[PDB]
Each structure stands twice: as C-alpha cells, then as structure tokens.
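Residue numbers (the deposited numbering), protein chains in the order written: chain A, 7 to 138; chain B, 8 to 140; chain B', 8 to 140; chain A', 7 to 138; chain C, 7 to 138; chain C', 7 to 138. A prime marks a further copy of an entry chain. Note that the Cβ used here is the ideal one computed from N, Cα and C, for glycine as well. First the structure, in the form of structure tokens, and then the observations on it.
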Amino acid sequence: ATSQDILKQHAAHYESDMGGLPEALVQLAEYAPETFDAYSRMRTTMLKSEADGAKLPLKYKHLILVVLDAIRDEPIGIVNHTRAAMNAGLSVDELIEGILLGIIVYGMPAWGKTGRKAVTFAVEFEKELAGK
Amino acid sequence: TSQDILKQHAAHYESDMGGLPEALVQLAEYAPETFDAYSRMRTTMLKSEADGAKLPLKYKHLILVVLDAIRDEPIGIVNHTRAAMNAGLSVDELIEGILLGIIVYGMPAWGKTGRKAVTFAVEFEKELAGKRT
Amino acid sequence: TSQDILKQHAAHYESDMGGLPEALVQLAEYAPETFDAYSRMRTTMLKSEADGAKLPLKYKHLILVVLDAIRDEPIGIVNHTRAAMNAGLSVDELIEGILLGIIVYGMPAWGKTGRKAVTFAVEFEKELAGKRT
Amino acid sequence: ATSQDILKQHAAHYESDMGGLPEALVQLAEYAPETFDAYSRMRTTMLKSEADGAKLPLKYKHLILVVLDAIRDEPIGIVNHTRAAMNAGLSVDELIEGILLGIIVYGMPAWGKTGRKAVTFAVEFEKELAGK
Amino acid sequence: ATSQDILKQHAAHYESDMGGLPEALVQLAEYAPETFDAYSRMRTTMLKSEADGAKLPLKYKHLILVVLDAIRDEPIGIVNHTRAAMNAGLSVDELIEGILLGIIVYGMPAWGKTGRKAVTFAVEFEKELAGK
Amino acid sequence: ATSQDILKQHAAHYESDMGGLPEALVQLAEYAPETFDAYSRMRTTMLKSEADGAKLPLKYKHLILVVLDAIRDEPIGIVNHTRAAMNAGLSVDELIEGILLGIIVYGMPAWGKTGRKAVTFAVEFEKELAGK
C-alpha cells in the first residue's frame, strides 16, 4: 500500500461516516500514513453499519462517541459525531438523554465544558435536516 | 432517617439495577440528603421508554458501561452490563459499544476494565437464557 | 416549566454563586428535571455553617477551586474563587490550597487553569475591599 | 547534600506531617535521592503549619489532599492524608462534607471508588483519637 | 477461527516485540478479531525497529510506553514494556530517569502508584540479564 | 524580592534547558517563590544533561515530556519541549514516532488535540535549524 493508495482506500469510509476527513486525521495521513491506514481499518470495522452486518445501530455508535468526546473535551469531534449520529437517525431528545449520563460518571463538567456544545449544534442541525 | 430515603428510592434501584450498590449504601448512611438528590437525578436520567424516555434503557446502560470502562470502575461496569442485558442488550452490541472506547481512550479502554464487562456478559447471557422462556 | 424549577433554586445560586452559570442555564433549558435534582444536591453540599454545615463555606469553595484546577474548568474556577472570597477566603489561603494540586496532579494543576484563579483573586481582593466597610 | 544527609534532612517533616514516610516516597529516596530531596523541600513549604506561618489550616491542607487522592484513586494516600487531617483537628463531619464536593466535578466515582474509603477509616480512627 | 488466523498473522510481531501476547489482547483477538487485526497492524508500524527503518530507537519507544503506562496505571503493561525496553538495550538508570519525568506533568502518583513498579521489576530483571 | 533572588538562582537552568521561563512558572515564582525554588531544584536534577552525568539523553528526556504534554493537552509546553528536544539533537522523524505511541495508551486524541501541534511546529523549526 502506497500512501496514495492508503488515502484513496479510506476515502469512502470517512465521507460516508463523517462527511469528510477530520483535521486531526488529515494530519495523521500527512505525517503517519501507515498509522493512518491501520487506524482507519480499525475505525471502519468499529463503525460498520447495520446494513454491513453490525448489531449496534450506527446512530448509537456515534452517540457513544459523542459522550466520550464530551468526557475527553473534544469540541470538534463532538460536533462531528453528533452530525453523524443525527444523519444516522438519532433525535435531539436521544442525544440529550445520552449526554446527561456522563454526569453520573464524570460530574457536571461532562455537560458543562464540552457535552452541551453537542446540544447547541444539534438544535440547529435538526432545523437543517427538517428543511431536507 | 437514611431509612426513609432508602425506602423512597428502593423501587428505582431494584428495577434499574437489581439492588443498591455498596458505594450507594454507604452514601445513604453518611450523606442521606446527597443520596436522596442523587437518586432523584438518577431516576430521571434512567427513565424507561415506558415512562416516556426516548433513548432505550439498554442503550442508556451501554453508555454507562463504556463510561465505567473509561473510569476503571469494575463494580459499576458489571452492574451496568447486567442492567443493560436485563433491558435487552445483546452481547454483540455490548462488545461493539465497548470497542468504541479505544478510539477516544486507547487500548486501556478495553484492556483494563472494559473487557471485564465482556467476560461477565458471556456468562450472564447463558444465565439470562436459563431464567426466561 | 424550566421557569418554575429556576425560581425554586434562584436564591441558592444568587447566595452561593452570585448567579446561575451559563452551563447550568442551558441544563435548566434542556434537562429541567436533571437541573432540579442536581440543584437540590448542590444545595445540601454547599450548605452554610449558619444552616448547620461543619466545613466553612469558604473552604468548601476552595475545594471546588482546586477540583476545577484539576479538571481545567476556567469558568468554574473563577466562579468558585469569587464564591470562596465572598465567604471570607483570603488570597493567601487560595494560593496555599491551589499549590497542593501540584503534589497529586503535577505542575499543570497550577500552570493550565489553577493560576487563572490567582490572577482573578488578586484583582477581586481589591474589588471586594472597595465594596465593603 | 549526600543521600544520607537528604534522608535525615526530611525525616522530621514526614514523621510530623504523615506519621511516617509513605512507601512511594521510600522508593523515591532509594532510587532518586536528589528528586526526593527537592520534592520534599516543596512538600515541606506546601504543608507548613499555621504555627510556622501558613494561612490555610493544616487540617484543611490535608483535606484538599484527601479529595485529590479520591479523584486520583490513591487509597493509601487517602488514608494517610485523612489520618493527618484528623490529627490536625479535622472532624469526620468535615471530612465527609469535603469528599462529597468531589461528586460535583468528578461524578459519583469521586465517592464510590476511593473517596468513601477515607470515611470508613475516619469512623474507626475517630474512636482511637477519642480513646486518647 | 478467523481469530486463529489473525493471531497467527501477528504472532511474529508480539513474540519479537513483547515476548508474548498480553491477556487483554488475547481476549481482544477472541471477541473482536478484526479490531485486533487492525490494531496489531498499527502497533507493528509504531514499534518498528531501527533495523526495519525506524528512526527512534526501540528501547526509547518502549520507554515512552513505560511512562504512559505509569500515568494510566497499567501495571501489567508497564512491566511488559520495561522488559521490552531492557531487552532492546535500555539501562535501569535510563528507565528511572524517564519515569521520574512523569512527576512534572502528572504529580507524585506518576511514580507512586504504578511507575515505581517498573523500577522494582527492572532491578530484578537486570540481575537476570547479567546472569546471561 | 526573595522571588527575584530565586529567579536569578534558576535562570541558568531555564535558559539552557528551555531558552526561557514559561509564563506559568514566571507566575509561580511571583506568587509561590519557595515552591518555585524547590520545583526548579527538582527539574534541574530531572533534566540534567549527559555532560553533567545523566544516562538518558536530553533529547529523549524532552521527547518524553512532549508526549506527556500531548496527553495532558499542554500546547505551550508541548512546543517548548519540542524546541528543547530538537535543540538537543532530536529529529522530526523521532518526534513523530514518539508522539504516535500516545495513541496506543490514550487514543486518537493523544495525536488529535495537542500532540500533532508539536509536529506542525517541528516541521517549521527544522527549516529554521537548517538555515543555521
């Protein structure tokens, strides 16, 4: 696998799943293409859709990532995973219910620092989806 | 006392968790007003679909499983796995959810605590099948 | 609605914090039952000595300052510094408390967020002196 | 400062403050005496008593360390700092009030995993102190 | 089955690099063979030796992972990575100097809870390597 | 005052090792001069050069701190330590190989949030060092 081959190999996965290649992963491809390749393989199996044989719905896969990005304080990822979840059918109500659970294990900052940024995005994106 | 507050929330914990975890027993003893407010918060957060929740209870507990994986809380991770599976989560779904922790939190998201949920789940799946029609 | 639950806890937040932080405003909007239970928990935890608490309120908020230092919550760290100092904490005590984070959490316990509390405190000490006899 | 000199120099501080040299710090002295020296200097200023010019009471210094050790999941440290706090005048009621605050910022595990172990110890140590 | 093929595929890597497959990864291979495969590919490139074209010496790659396992409190990993680092030429002195640096960023617990366990192991393994 | 004496006392260390005193430590010196003193003593031994008797090369000491600053999300520190590592002989290739290892223990955010910022800096600083 050449690094051209690697970037092309994963293009459809990121476009489909995320609507694009996140900036972190662009830079990973740039400076660590073999790591990008292996990571992207892992990501592709982990985020497989139901149509492709997964048992956990894709909207709930990305909800889990939302919550994890809340905990880790990843405001870019959290919005990207919210968009992906909602594109896979997640409601804004489900999003909020999921994010709140983070308070049990990680305290009010699970909402207050980054988690709530997903909700702010969600209420605007919900309007856009409704317009489609 | 603590006795009345425990009585208030006993139905929630039996339904949701099959009982009150020891940490929360201790919290009830030493901080009964905190235990009461916390239990009220928990009760709303873990509301079932039948009581009007939008996110299925099995997935609520799966989120808690993954969070307990991250936090390295092995008692909680098994308690929430049990709860999730009681509410219909499959072992396959459990595994799929837990793996996602590796993306954000690395291999220890599986290796330290997450995998203990799976070890439990494989046995609990057979237990649950042997108790139900 | 959210309106009634906000009314319920407004006296607590004005007294304790000088108002409701934006994160909790948002929580009240989107999760009013969670905001209510959480506010009840907070109210007991941050009880004053006058209402029967044993740990002085200034030290309660100092603990929250140090925790916000660890967690890197800069809005919260200033809010709790303000609260602590309103309740009588000195800038010297603030600094002594914050430093202890370095033992358990390394130099970032000061360098990232903790020191922002001190920067604020030096100015707030003069503000508080200019508003009081 | 020889490594003999270093260990002797800090002996009174650890005996006074902690009732002993914690095992982690024994090993630090063993394998990293210059780091042990500098660290112990830092610790000695940070945990200075009121009699020696500190403004924050020693019992509340060690309470802050209790809470931090709850968060970090340091069950040895948490008991050592609880003992130190209580020896400096902290009540079991104050201890519990302080530990609970950890739930706000770090969730129920702030109590459930390690924090509550301080309380379990405290209720037994309180009996011992009362016996003195 | 497919697990057994994938285990075979990565056995050379783990044998060479670690001397075995840690239990966590044995379980991963069983329950999530496609994740184990991709992860192992990723690890294989990350931990490439100088002889295979790496620029960072293998002993220092494993030293970095020792320090990371100290921070994360991975006591099995920390020993596995210490053993790997020393088989790759790392001295005990180097090991201690690197682990200490954790204290700057993560406080005394970077030593006290798991990091120092690597030193305890190292001092014994050194005697083993010295016995030839 | 005593701050100014203690700053003078440690200036040689910081100038040599880091090329300056980070703002966080300037403030520490101002508000907590005795802590700054002891901390600086600790840092001075920890980051001793081979010429002064250290066994772990300075470039690798700073590489370890780069990785730790990636995990902790210290973007000022990560650049300061990258600069220090490269002034001590570390290559950009080595820097990237080490930062990637964070992903094993701490997930993609070990790269995505702060670690990759070191690479961005490094690639520019390399051009500077190459200009002599």
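- For the region 39-67 of chain C, residues whose beta-carbon sits nearer than 7 angstroms to a beta-carbon of chain A comprise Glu40, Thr41, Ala44, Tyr45, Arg47, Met48, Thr51 and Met52.
- The beta carbons of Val111/B and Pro115/C' sit closer together than 8 angstroms.
- Residue environment: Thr126/B is assigned as exposed (fewer than 16 neighbouring CB atoms within 10 Å of its CB, all protein chains considered).
- Assigned with DSSP and collapsed to three states, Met48/B falls in helix.
- Close to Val125/C', with beta-carbon spacing below 8 angstroms, are these residues of chain A in chain order: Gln33 and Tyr37.
- Minimum Cα-Cα distance from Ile82/B among the listed residues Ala60/B, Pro28/B and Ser9/B corresponds to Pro28/B.
- Secondary structure of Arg89/B' (DSSP, three-state): helix.
- Under the three-state reduction of DSSP, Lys67/A is assigned to helix.
- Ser97/C' belongs to the set of residues whose beta carbon lies under 8 angstroms from a beta carbon in chain C.
- With its beta carbon at least 8 angstroms from every one in chain A', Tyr20/B' lies outside the interface.
- For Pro115/C', the enclosing alpha helix (DSSP H) covers residues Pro115 to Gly118.
- Per the C-alpha coordinates, the member of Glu40/A', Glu80/A', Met92/A' and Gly25/A' positioned closest to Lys67/A' is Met92/A'.
- The straight-line gap separating the alpha-carbon atoms of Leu31/A' and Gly118/C is approximately 7 angstroms.
- Around the beta carbon of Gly59/C, fewer than 16 other beta carbons sit within 10 angstroms, so the residue counts as exposed.
- Here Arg47/A is near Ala44/C, since their CB atoms are less than 8 angstroms apart.
- Look at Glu56/B here: in three-state DSSP terms it is coil, with no helix or strand label.
- Shown here, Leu13/B' sits in a helix according to DSSP, grouped into three states.
- For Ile110/A, the C-beta contacts it makes with chain A' under 8 angstroms involve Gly113 and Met114, in order along the chain.
- According to the DSSP assignment, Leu34/A belongs to the alpha helix (DSSP H) that extends over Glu29 to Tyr37.
- In this structure, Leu69/A' and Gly104/A' form a Cβ contact; the two beta carbons are roughly 5 angstroms apart against a cut-off of 8 angstroms.
- With a cutoff of 8 angstroms on beta-carbon distance, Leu107/A' and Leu71/B' are scored as near each other.
- In this structure, the straight-line span from the alpha carbon of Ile12/B to that of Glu21/B is close to 15 angstroms.
- A residue is called buried once 16 or more other Cβ atoms fall within 10 Å of its Cβ, and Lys123/B is buried on that count.
- Proximity of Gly26/C' to chain A, defined by a Cβ-Cβ separation below 8 angstroms, is not satisfied.
- Legend: CB atoms of the region 68-86 of chain B' lying less than 8 angstroms from CB atoms of chain C' belong to residues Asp79.
- Neighbours of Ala91/C in chain B, taken as residues whose beta carbon is under 7 angstroms from its own, are absent, since the nearest beta carbon is some 18 angstroms off.
- The alpha-carbon of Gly95/C' is positioned some 21 angstroms away from that of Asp99/C.
- In the DSSP annotation of this structure, the continuous segment of the alpha helix (DSSP H) that includes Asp99/B' starts and ends at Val98 to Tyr112.
- If you draw a straight line from the Cα of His19/B' to the Cα of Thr50/B', it comes to about 7 angstroms.
- In the displayed model, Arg78/A falls within a helix according to three-state DSSP.
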